[PDB]
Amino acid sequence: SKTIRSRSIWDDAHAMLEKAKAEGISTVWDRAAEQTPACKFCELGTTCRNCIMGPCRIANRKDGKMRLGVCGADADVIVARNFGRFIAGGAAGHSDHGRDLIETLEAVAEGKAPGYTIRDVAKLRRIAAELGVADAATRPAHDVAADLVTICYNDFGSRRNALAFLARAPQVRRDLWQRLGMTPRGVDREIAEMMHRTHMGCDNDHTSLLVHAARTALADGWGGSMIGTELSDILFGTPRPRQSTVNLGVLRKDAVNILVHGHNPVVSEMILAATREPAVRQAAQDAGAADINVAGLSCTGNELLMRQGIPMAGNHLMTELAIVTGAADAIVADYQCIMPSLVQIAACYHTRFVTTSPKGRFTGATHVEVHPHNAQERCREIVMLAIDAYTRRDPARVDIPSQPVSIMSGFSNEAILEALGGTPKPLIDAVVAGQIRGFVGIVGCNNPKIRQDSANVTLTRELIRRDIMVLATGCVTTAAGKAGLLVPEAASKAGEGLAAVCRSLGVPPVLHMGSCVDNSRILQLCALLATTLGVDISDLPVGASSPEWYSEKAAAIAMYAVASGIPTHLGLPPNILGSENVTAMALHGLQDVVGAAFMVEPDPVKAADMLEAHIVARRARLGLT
């Protein structure tokens, strides 16, 4: 089918799209086609539902009617409020994610989380001392853990003037944030204030609204996401470079296949541990299987890739197609980006769809709730359900379409600094010498509006050929991986200078830095380079890009990158084009305020030119050629 080829660049997607057609299974692409054309007002953002004096739409009519909402709000306020709440939903997703890590570490500290431990005691002591815990280096690890928990919880309270991790940002940046009123003070507080501001008759100034959206996104990047990342490393180990594989071919016909989907490693690590217990493995063999095979989806797949090397079956738009292989015996979900269609598709097979979080409820799913005190017991129970489902798999409907592609993962900042010999000097020398011209974090999702991974891959290829090193997170990981970009030998794909540096360090030209919360690592690394050099983040030769974004979380990531000084490309526009003032603030006005702005460009080669031009401009202001 020509339509099927138009939907993805990957062979495995085409194979499963053909299989779904022959079986009568509708996909995300079919539903997108039904939802086209979209409502013009919703698309432009010129519609409001925030009270029942409405709902309102802002139109351009020759009689001048419908220029304002019933309360008097114009298109600038309505668009800005809609964008503000959109960002707040993304920040809330990462807020709750980090809060779960705090609760988990606290349970470990009190000895009430069987099977969870402090995997990286050294990092616990370093992070705790950094945040002010007295005698963190010498006191018993659990006492230090309880004092660190208290610090992170205070960031989720209402008495701080600035988040604890904000100290990593250079002083010039903290001074500018304070001057603009952008300093994030509380992870939950900024979210709550955004919902108050967007109520009828509170914040009715588009500038002020976008300013607080930046403060809310900063409370994510330097708060919710950074806490989640750093505590995840403490509980489950700091990532280190390791080999693994990617694509639908990671599923095995001869094994029980358990797909982990969602976001939080507190569940996926414990599922993986369950499948490794000898009695559970023996139950799989009693059922006729050779082994139990865990395969990751989306960000929780990234978490297992980074710390355990678990192969990843696919990213966002592969999630339905992974069930269409007919070889998934269970999908285990927690929260965020889990399309509810997956429940219906799993019902077309033997596959069990298991929910684990009180926040991630799906009508028709099997719910086995996981908490720190019962995780070890419950995850054992979930794996036993997958083995039971395996015995009823229909072999006639199994089609695992491809051979897996080799990848390298595990590039935390600790691993990067280890590869460099303990200091960022060799990396700074490479940038000053022009071998590495700059860095671009390529982040974010897939979106049915764009042929899947076409922009992700093209942009990655363009940047490394221009001696720009790519830091990959989120669903871009799978795209870079399937394109053969995540291995040390991929230096052959990069420009002469980047390839030389990569070969001298033994690293790939695209560094997998983890999940979407792990974009906080990109913030930490920028802050480190800026502080070492004595400049602002907005002076560094850096950029960020989400060529195929879809979610509120991706928009919050883009906003905190911009607000931290990182020019940020988006493949598609947010629903803001109904207000030229808001659009001009996002694309230009922010540049004059925070030192960076949004870019919207659907052509990935054009996007490469723009990100490169920003990097060239910033190199010149550092005195570099």
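So that there is no doubt, residue numbering starts at 1 and follows the sequence shown.
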Quick check on the record: does 173-181 or 79-87 carry the larger mean Cα temperature factor? 173-181
Residue range whose averaged C-alpha B-factor is higher in the record, 228-236 or 424-432: 424-432
For the C-alpha B-factor as written in the entry, point me to the maximum among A558, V600, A584, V593. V600
Among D203, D135, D100, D518 - the residue whose C-alpha B-factor is largest in the record: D135
Where does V605 sit by CA temperature factor within its chain: lowest, middle or highest third? lowest
Chain-relative CA temperature factor third for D291: highest
CA B-factor ranking of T216, expressed as a third of its chain: lowest
Thinking about Cα B factors across the chain, which third does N302 belong to? lowest
In terms of the CA temperature factor given in the entry, to which third of its chain does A33 belong: lowest, middle or highest? middle
